[PDB]
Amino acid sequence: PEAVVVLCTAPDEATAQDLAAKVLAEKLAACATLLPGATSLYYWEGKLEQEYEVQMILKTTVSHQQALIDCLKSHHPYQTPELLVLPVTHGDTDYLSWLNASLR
């Protein structure tokens, strides 16, 4: 059971909830955590840009990571939203079993 976490940055909690709902309804993720009140900073053409966003963490498997990314991207209002995968190298076996059973 090869789990991963997918980080995605949403503009607000409404949007993060809509995104999470979509991917969970398509069984591309087992569950989603939303972390509100994120301040993002970027540096474009000589100027620092600050925004207030929501950090999402979506729990899935390597087999589903691409389709998850593609679905999130499609439904996301941004053209090129942050979508990154981190590996899970360990975890509780029963949890990892539920995570994997949950998926399409």
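Start at 1 and count along the sequence shown; that's the residue number.
*Asks:* Mean C-alpha B-factor higher for 42-50, or for 29-37?
*Replies:* It is 42-50 that shows the higher mean C-alpha B-factor.
*Asks:* Considering every modelled residue of the chain and its Cα B-factor in the PDB entry, is residue 59 in the lowest, middle or highest third?
*Replies:* Middle third - that is where residue 59 ends up once the chain's C-alpha B-factors are sorted.
*Asks:* Rank-wise, by C-alpha B-factor, drop residue 17 into the lowest, middle or highest third of its chain.
*Replies:* For residue 17, the deposited C-alpha B-factor lands in the highest third.
*Asks:* How does the C-alpha B factor of residue 101 compare with the rest of the chain: lowest, middle or highest third?
*Replies:* It belongs to the highest third of the chain when residues are ordered by C-alpha B-factor.
*Asks:* Compare the C-alpha B factor of residue 66 with those of the other modelled residues in its chain, then answer lowest, middle or highest third.
*Replies:* For residue 66, whose C-alpha B-factor we compare with every modelled residue in the chain, the answer is the middle third.
*Asks:* Within this chain, which third does the Cα B-factor at residue 89 fall in: lowest, middle or highest?
*Replies:* For residue 89, the deposited C-alpha B-factor lands in the middle third.
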